[PDB]
Amino acid sequence: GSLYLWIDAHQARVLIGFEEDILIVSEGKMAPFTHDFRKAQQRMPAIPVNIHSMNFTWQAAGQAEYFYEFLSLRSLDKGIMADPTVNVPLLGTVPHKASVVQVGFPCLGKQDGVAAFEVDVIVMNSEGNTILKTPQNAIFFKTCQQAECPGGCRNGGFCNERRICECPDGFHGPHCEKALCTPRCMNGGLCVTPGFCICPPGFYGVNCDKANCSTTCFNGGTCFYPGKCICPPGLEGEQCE
Amino acid sequence: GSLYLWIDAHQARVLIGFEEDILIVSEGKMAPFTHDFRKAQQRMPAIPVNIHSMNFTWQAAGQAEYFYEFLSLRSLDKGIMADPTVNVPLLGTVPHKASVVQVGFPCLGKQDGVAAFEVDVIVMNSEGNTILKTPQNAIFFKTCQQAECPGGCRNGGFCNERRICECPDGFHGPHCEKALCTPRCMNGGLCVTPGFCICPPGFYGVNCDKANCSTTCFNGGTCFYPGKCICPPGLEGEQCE
Amino acid sequence: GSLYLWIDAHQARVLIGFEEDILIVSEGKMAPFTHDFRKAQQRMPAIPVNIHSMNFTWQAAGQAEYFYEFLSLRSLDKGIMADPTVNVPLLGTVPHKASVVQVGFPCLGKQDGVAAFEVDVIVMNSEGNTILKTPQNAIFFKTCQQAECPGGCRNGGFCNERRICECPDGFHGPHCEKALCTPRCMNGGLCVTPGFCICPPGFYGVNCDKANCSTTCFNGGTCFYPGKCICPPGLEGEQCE
Ligand SMILES: O=S(=O)(O)OC[C@H]1O[C@@](COS(=O)(=O)O)(O[C@H]2O[C@H](COS(=O)(=O)O)[C@@H](OS(=O)(=O)O)[C@H](OS(=O)(=O)O)[C@H]2OS(=O)(=O)O)[C@@H](OS(=O)(=O)O)[C@@H]1OS(=O)(=O)O
Ligand SMILES: O=S(=O)(O)OC[C@H]1O[C@@](COS(=O)(=O)O)(O[C@H]2O[C@H](COS(=O)(=O)O)[C@@H](OS(=O)(=O)O)[C@H](OS(=O)(=O)O)[C@H]2OS(=O)(=O)O)[C@@H](OS(=O)(=O)O)[C@@H]1OS(=O)(=O)O
Ligand SMILES: O=S(=O)(O)OC[C@H]1O[C@@](COS(=O)(=O)O)(O[C@H]2O[C@H](COS(=O)(=O)O)[C@@H](OS(=O)(=O)O)[C@H](OS(=O)(=O)O)[C@H]2OS(=O)(=O)O)[C@@H](OS(=O)(=O)O)[C@@H]1OS(=O)(=O)O
Ligand SMILES: CCCCCCCCCCCCCCCC(=O)OC[C@H](COP(=O)([O-])OCC[N+](C)(C)C)OC(=O)CCCCCCCCCCCCCCC
Ligand SMILES: CCCCCCCCCCCCCCCC(=O)OC[C@H](COP(=O)([O-])OCC[N+](C)(C)C)OC(=O)CCCCCCCCCCCCCCC
Ligand SMILES: CCCCCCCCCCCCCCCC(=O)OC[C@H](COP(=O)([O-])OCC[N+](C)(C)C)OC(=O)CCCCCCCCCCCCCCC
Ligand SMILES: *[C@@H]1O[C@H](CO)[C@@H](O)[C@H](O)[C@H]1NC(C)=O
Ligand SMILES: *[C@@H]1O[C@H](CO)[C@@H](O)[C@H](O)[C@H]1NC(C)=O
Ligand SMILES: *[C@@H]1O[C@H](CO)[C@@H](O)[C@H](O)[C@H]1NC(C)=O
Ligand SMILES: *[C@@H]1O[C@H](CO)[C@@H](O)[C@H](O)[C@H]1NC(C)=O
Ligand SMILES: *[C@@H]1O[C@H](CO)[C@@H](O)[C@H](O)[C@H]1NC(C)=O
Ligand SMILES: *[C@@H]1O[C@H](CO)[C@@H](O)[C@H](O)[C@H]1NC(C)=O
Ligand SMILES: *[C@@H]1O[C@@H](C)[C@@H](O)[C@@H](O)[C@@H]1O
Ligand SMILES: *[C@@H]1O[C@@H](C)[C@@H](O)[C@@H](O)[C@@H]1O
Ligand SMILES: *[C@@H]1O[C@@H](C)[C@@H](O)[C@@H](O)[C@@H]1O
């Protein structure tokens, strides 16, 4: 094994208070506290009102390729909290360089109270086998407080106690209406001052949605990178044969 | 070679002032200033009163496994400074992910003056051979100033100039008596708000001391991880045969 | 591929404003915005007066060795801006550990206006073949404002709006005349309080210029590390035969 998934010391100081790396996956295996995942589910409280998003660092150190897939990112209480977001594309290859994953919990602000959610993700080997996964029906909670802003915050903005909208990347102003780029960049894209979006590897366009493949995937295969492709059971190889 | 041991730029700014990575081990070999280790021992002053602990970053980049062992962490002047500590278990495998090692120098506060210490550590290959090591009888110094606190600081706490105890992880209050978890977490464990300890890989329990092994080590062999085990000279393999 | 060249999130916040990793090279291939390098050259403005230097992070994750060579670092407008600098030696091996490259743009302060420059660099494989390179005649710009200091700043120091010289590493005072070490450390060396320079791997001396080689390179070969050596076309191997 070579997979490492953890929380950085800087993020750790906001959530727990202790400035240290919180290891989740080490050498391709889950941390000792994750074995009894359910006993760990109790020892985890609802995400506080102050914590809006969470930074999860990951990397495949070895020469071995590892693929990830976010199966379900559903909010069970849609009236309070909107479906949780990721600054990474749902399906893709895990980087060999230490990279941060921004897991955003969007509270609507219209209703007060604690809202539940699902975060289902699978990690697979080059052969296409699930090694590390989210144990069946994982439910995590997030506390959302009611906050009213004059006019209302647009494009995933949350109203602060000082009645000022907290605008997200590529947006600014009082209601977050003044945008730099015309379409907002997706899959982890970035808008420069002139405009447009700096597209992540595997995507191109204006919003970074169009994806090219050097090798087309056969027999109901999903392409994510022109290097490697996921194959259904019974079919093996590059083009799934 | 693939071993890299260095000091991070953020730590470097506190000790030297210059914000840059201080490389010690590069590509499995010691840095040019370490060759004449003794000439480097002069150019190193006593650890200042303000610097309480030091952060040492390390990682095995290649597919090759590397094992470390802290042989001796003794304080030669026990009346001034207590034996230096490490937030890592004495024996173990060096991570493939960039990880920080907190080397704490505990000044008792009862006596004023400079105290000497020993930091002996060995780095070994998969075969079990010492490649990188601390050259024979390494003596480093730490300046400790006398500071008196009303009542006295407990559980490795040092009294500040403002007469307030500097409580360590898992402890708080005026004398550091108010603890979250009942036993303090060891080997790099972390206590959550409810309690208990988030155990590091290779340990389990309440204080993270109990260690399990999938393969038992024969002929006087010490187990640290169920994957690999250290074997004495003459015996080679997984179970030491 | 295994090469990764990017800009760190902390540096990104100063230049663009968005705190996120700006990927340039991913898995040995250039980022989607770099393909039409010229269209990317327009979307890049002149380096602002406030930004004096830029931090570029890089690393070769795989067991594969990668060599870099800074071919040209020329300032086309020598009257305004002096030739751009790098805290890394021109020719060398790319680290397997995440390391920062300080690209300094030295404005002379004598003249006001925007100055152009060239940054040519090549990345090669173990066989000695250029894989990733700077596309032909790359011209980037830097805005330099006129600032006068009483006496004048020495050893690459730039005068601030408060008329105080911004002294570089190993220098301090009003005109940056008071130096710690007598010769200034080169190739990424560091001067301690007593003096001298902590030499980077592959260099030794007082200024870190003298380089040793365990294997001498034949038929017009340039040595950088005693492990690997660059060979001209027609000759292949360790000693270039
Ligand atoms: O002096 S000011 O109070 O007016 O602030 C001037 C600086 O505002 C910037 C960036 O401020 S920063 O975000 O805190 O660094 O421009 C940004 O803010 C202005 C509005 O100023 S205000 O104080 O926030 O209202 C925005 O103009 S507008 O959208 O309100 O009309 C800028 O949007 S735009 O770039 O002009 O499209 C906004 O830029 S950004 O969206 O935040 O990127 C700086 O201008 S900047 O450096 O071009 O970004 C100003 O610094 S400056 O030295 O005066 O230019
Ligand atoms: O408003 S206060 O001055 O009273 O400070 C309130 C916040 O104190 C916290 C954390 O403060 S922090 O460490 O600086 O962020 O609780 C922590 O401090 C209190 C005592 O407050 S005091 O000002 O430091 O004396 C401790 O209570 S006690 O130990 O003194 O009785 C907390 O211990 S305990 O969690 O209550 O067991 C101590 O928590 S911790 O040991 O530092 O983890 C915040 O409470 S917290 O967020 O639950 O940690 C308070 O913020 S809050 O919004 O008012 O709750
Ligand atoms: O109390 S003071 O205002 O005098 O500042 C005292 C501290 O100055 C240091 C470091 O200051 S720091 O850089 O901000 O941390 O020494 C450094 O500054 C002094 C001059 O003080 S002044 O206020 O900047 O003028 C320099 O002396 S001199 O060069 O002007 O004669 C030091 O150079 S030298 O080390 O004495 O050669 C300069 O050190 S450095 O070049 O910046 O490394 C601290 O001394 S230090 O800790 O040895 O570096 C002083 O803190 S202390 O607790 O008073 O010693
Ligand atoms: C990368 C995408 C997948 C992963 C994406 C799916 C998961 C997405 C949701 C994860 C976030 C929800 C977990 C809990 C977050 C949290 O806030 O932790 C609870 C406490 C918080 O601390 P507190 O009780 O609020 O107190 C703070 C103030 N004091 C008193 C401490 C000073 O903090 C703690 O004590 C423990 C925090 C450390 C544990 C966090 C990790 C838990 C999530 C495990 C997910 C891994 C499983 C999936 C991967 C196989
Ligand atoms: C990871 C466990 C092992 C390793 C654990 C064993 C070692 C544990 C003790 C290490 C710490 C003791 C070394 C020195 C620490 C120190 O404070 O450095 C002295 C100077 C400090 O600077 P100063 O003289 O106080 O001045 C500061 C203010 N100015 C004026 C600069 C602005 O700073 C410097 O100029 C040089 C600092 C950089 C050198 C630090 C590394 C030295 C330790 C080498 C250990 C490696 C060998 C063992 C591994 C093979
Ligand atoms: C490592 C040595 C080689 C590499 C060394 C050779 C290159 C050396 C020069 C590189 C630096 C020059 C590039 C541009 C630097 C820069 O300032 O970016 C322009 C804008 C700046 O933003 P701004 O327009 O000033 O606005 C800031 C305030 N706002 C309004 C945003 C809130 O920022 C941006 O919008 C885009 C910034 C991100 C792009 C930077 C990378 C461009 C350089 C590519 C070089 C790679 C090619 C060579 C390697 C194959
Ligand atoms: C650096 O050391 C400080 C204590 O001096 C510690 O709080 C901090 O978390 C350490 N940095 C890292 C990355 O662990
Ligand atoms: C596909 O896109 C990648 C960048 O993501 C590019 O390097 C490659 O050349 C493209 N292939 C084709 C056929 O366009
Ligand atoms: C980033 O650049 C600044 C100078 O602008 C430098 O002081 C800092 O140390 C650099 N960051 C790193 C990690 O080197
Ligand atoms: C030993 O502990 C590890 C976690 O450190 C666990 O994954 C493994 O299954 C355990 N083996 C046995 C036999 O309990
Ligand atoms: C950590 O999360 C914050 C938002 O809460 C984000 O701004 C920051 O850039 C993240 N850190 C990294 C390295 O991405
Ligand atoms: C060459 O220098 C390296 C350090 O850069 C050193 O380890 C090696 O032993 C030296 N070889 C000779 C012959 O001096
Ligand atoms: C991607 O995964 C493959 C297996 C098929 O289910 C496709 O329909 C899907 O888009
Ligand atoms: C671990 O190392 C082995 C070689 C033996 O010395 C054991 O007794 C020790 O605990
Ligand atoms: C290093 O590169 C080799 C190929 C020759 O051009 C030498 O002269 C140079 O210094």
Taking the Cα centre of each part, how many Å lie between region B:169-241 and region C:186-241? 43 Å
Straight-line reach from B:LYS228: which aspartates and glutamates fall under 12 Å, measuring Cα to Cα and dropping same-chain residues less than 8 apart? B:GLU65, B:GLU127, B:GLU236, B:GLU238
Using a cut-off of 19 Å between alpha-carbon atoms, which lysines can reach B:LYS110, once sequence neighbours fewer than 8 places away in the same chain are excluded? B:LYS78, B:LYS142
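Sort A:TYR68, B:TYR204 by Cβ crowding within 10 Å, fewest neighbours at the top. Write out the running numbers ahead of the final one.
On the way: A:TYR68 22, B:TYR204 16.
Sorted ascending by nearby Cβ count, the order is B:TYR204, A:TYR68.
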Per residue of region A:191-198, what does 6.51 cos²θ - 1.76 cosθ + 1.60 with θ = phi - 60° give for ³J(HN,Hα)? Whole Hz please, x for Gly and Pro, Karplus curve as stated. 9, 7, 4, x, x, 6, 10, 6
Could you give the radius of gyration (one decimal) and Dmax (whole number) of the Cα atoms in chain A, in Å? 19.5, 60
Per-residue Cβ neighbour rank within 10 angstrom, fewest leading, A:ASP169, C:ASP120: C:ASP120, A:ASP169
Per residue and in cubic angstrom, what volume does the convex hull of the Cα atoms of the protein assembly as shown have? 213 Å³
Cα extents of region C:141-187 along the three principal axes, largest first (Å): 30, 27, 13
For region B:1-75, the convex hull over Cα atoms projects on average to an area in nm² of 6.2 nm²
Here, A:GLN239 and B:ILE122, labelled 7 Å along Cα→Cβ, have an inter-label distance in nm of 5.6 nm
Averaging the inverse of every distinct alpha carbon separation and then flipping it gives the Kirkwood radius. What is it for region A:125-231, in angstrom units? 17.6 Å
Ordered by residue, what ³J(HN,Hα) values in Hz, to whole numbers, does region C:103-112 give under the Karplus form 6.51 cos²θ - 1.76 cosθ + 1.60, where θ = phi - 60° and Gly and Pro are x? 9, x, 9, x, 7, 5, x, 5, 10, 9
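Run lengths n ≥ 4 of DSSP H only: what is the helix-derived mean residue ellipticity at 222 nm for the protein assembly as shown, with -39500 (n - 2.57) per run over all residues, to the nearest 500?
Numbers: 6 runs with 39 residues, N = 723.
Per the formula, -1500 deg cm²/dmol.
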The answer for the net charge of residues other than A:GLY220 whose Cβ lies under 15 angstrom from its Cβ, with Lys and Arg +1 and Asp and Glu -1, is -2
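Count charges around B:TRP6 for me, please; just the other residues with Cβ under 9 Å from its Cβ, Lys/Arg as +1, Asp/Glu as -1. Intermediate values should be presented prior to the final figure.
Numbers: positive: C:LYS97; negative: B:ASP8, B:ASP21.
So the surrounding residues net to -1.
Could you line up A:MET81, C:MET124 from fewest to most neighbouring Cβ atoms inside 10 Å? Walk me through the numbers on the way to the answer.
Values: A:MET81 24, C:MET124 18.
By the 10 Å Cβ count, ascending, the order reads C:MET124, A:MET81.
Taken together, the values in this text are just the output of simple stated rules run on the coordinates, not laboratory data. With ideal geometry, Cβ positions are generated from the backbone for all residues, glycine too; neighbour counts draw on all protein chains shown.
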